[PDB]
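Note sheet for the following structure.
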Amino acid sequence: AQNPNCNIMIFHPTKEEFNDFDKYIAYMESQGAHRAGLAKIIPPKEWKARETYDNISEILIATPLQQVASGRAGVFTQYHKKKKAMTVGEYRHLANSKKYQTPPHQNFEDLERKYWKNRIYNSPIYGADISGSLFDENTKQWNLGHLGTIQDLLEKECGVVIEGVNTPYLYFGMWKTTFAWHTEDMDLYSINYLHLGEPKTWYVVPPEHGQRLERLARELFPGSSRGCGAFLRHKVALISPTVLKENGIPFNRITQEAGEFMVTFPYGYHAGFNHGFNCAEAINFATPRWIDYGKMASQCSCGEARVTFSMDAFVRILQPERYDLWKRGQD
Ligand SMILES: O=C(O)CNC(=O)C(=O)O
Ligand SMILES: [Mg+2]
Ligand code: NI
Ligand SMILES: [Zn+2]
């Protein structure tokens with residue numbers, strides 16, 4: 001078995017290897033990459049996502065989210081308070097302000113220490129989940145707006161034609177903006193490209209150990225667990241590396257820099273934080289190997305998780321027994 005310790009693997013495809021996206025994902029899996037839950041892909045030196053980032057300031061962040069924490073430094077939840085609209089240029093100025101800017105630090109490990117010590121005492125503002133793309137239309141390789149759709153994959157594997165669409169999302173971050181512990185909708189893959197700015201640190205639990213993280217989370221968030229049998233679908237709970245180590249949960253960490261892709265694999269729990277002003281693009285995708293994960297994915301039916309239009313068909317076809325309860329949660 002390849003990669004039996006479930007380490008995060010880093011790949012350096014050549015320009016020739018960068019042509020066929022599906023084939024390269026399958027290659028990475030042949031080397032055991034998926035066992036970690038997360039992989040990094042450094043694009044060939046010849047590749048670029050677009051020519052420059054000099055003209056993005058007028059993108060609108062219609063609903064910036066202030067991420068307010070509750071709990072203790074290593075075990076906390078966050079809620080999202082909606083703020084007034086602002087442009088990307090206005091958000092960048094805010095990120096760079098004395099109130100929100102990255103503090104002085106020695107290296108990524110020192111900044112990580114400071115994050116976990118101090119995150120809860122601040123409320124950073126995240127421009128998350130903005131439909132759109134920064135890839136040039138002429139970028140033919142690893143263009144996250146031109147990937148094969150999940151609906152087409154389901155139809156190719158299973159024969160059933162379904163409604164729905166699959167488009168990318170932009171994320172504008174600042175110091176301490178936080179992504180809570182989660183797997184993707186329907187335990188899909190994700191791919192994330194860091195277009196510009198400061199890094200993003202990731203934590204990940206191997207898919208084969210995801211239930212260990214779930215059991216810890218039920219212990220640490222006992223009211224939330226009574227409320228919902230899949231409350232990590234709410235995407236609000238944080239647990240630090242120190243607390244994971246104290247509880248014997250297997251995990252890994254890695255820092256993504258501008259110009260790099262990360263892939264999350266089915267049922268790979270992940271969480272993380274941004275180092276400073278940045279912009280990322282991400283989308284969900286599927287492969288043949290996903291189908292079995294999609295059939296077994298947990299679901300939130302309490303009403304909190306509320307998701308896209310296109311998840312309806314995935315539940316309806318892959319999980320017909322669960323469909324009626326889940327749809328009630330949507331309505
Ligand atoms: O970058 C972020 O805030 C969160 N991204 C992801 O969870 C992802 O790409 O799967
Ligand atoms: Mg613009
Ligand atoms: Ni994710
Ligand atoms: Zn729920």
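Values in this text are rule-based calculations from the coordinates and carry no lab data. Reconstructed Cβ throughout: ideal geometry from the backbone, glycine too, with neighbour counts over all protein chains shown.
Yes/no matrix, rows are residues, columns are (1) away from ligand 3 (no atom under 16 Å from the Cβ); (2) outside any loop (DSSP other than H, G, I, E, B); (3) within 19 Å of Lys235 (Cα to Cα); (4) under 17 Å from the mean Cα position of the chain (by Cα):
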residue	(1), (2), (3), (4)
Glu112	yes, yes, no, no
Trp116	yes, yes, yes, no
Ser133	yes, no, no, yes
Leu154	yes, yes, no, no
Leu170	no, yes, yes, yes
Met186	no, yes, yes, yes
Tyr193	no, yes, no, yes
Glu208	yes, yes, no, no
Can you find even one residue in region 78-100 that is of a type in the set (A, V, I, L, M), more than 16 Å from ligand 2 (Cβ to nearest atom), surrounded by 15 or more Cβ atoms within 10 Å (Cβ to Cβ) and farther than 24 Å from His182 by Cβ? yes
Please tell me if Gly276 is touching a helix residue (DSSP H, G or I) at 6+ places or on another chain (Cβ under 8 Å) and either acidic (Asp, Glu) or within 10 Å of ligand 1 (Cβ to nearest atom) (or both). no
For residues in region 82-102 being free of Cβ contacts under 8 Å to residues at least 40 places away in the same chain and either closer than 23 Å to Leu238 by Cβ or within 16 Å of ligand 3 (Cβ to nearest atom) (or both), which is nearest to the chain's Cα centre (by Cα)? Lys82
When both residues are 6+ apart or on different chains and their Cβ atoms are under 8 Å apart, which pairs have a first residue that lies in region 11-33 and is more than 20 Å from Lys45 (Cα to Cα), and a second that is outside any helix (DSSP H, G or I) and small (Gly, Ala, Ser)? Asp22/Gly148; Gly32/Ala1; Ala33/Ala39
So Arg212 fits all but one of (1) in contact (Cβ under 8 Å) with a residue 60 or more places away in the chain; (2) outside any strand (DSSP E or B); what number is the exception? (1)
From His275, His270, residue being of a type outside the set (A, V, I, L, M, F, W, C) and in contact with a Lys or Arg (Cβ under 9 Å, 6 or more places away or on another chain): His275
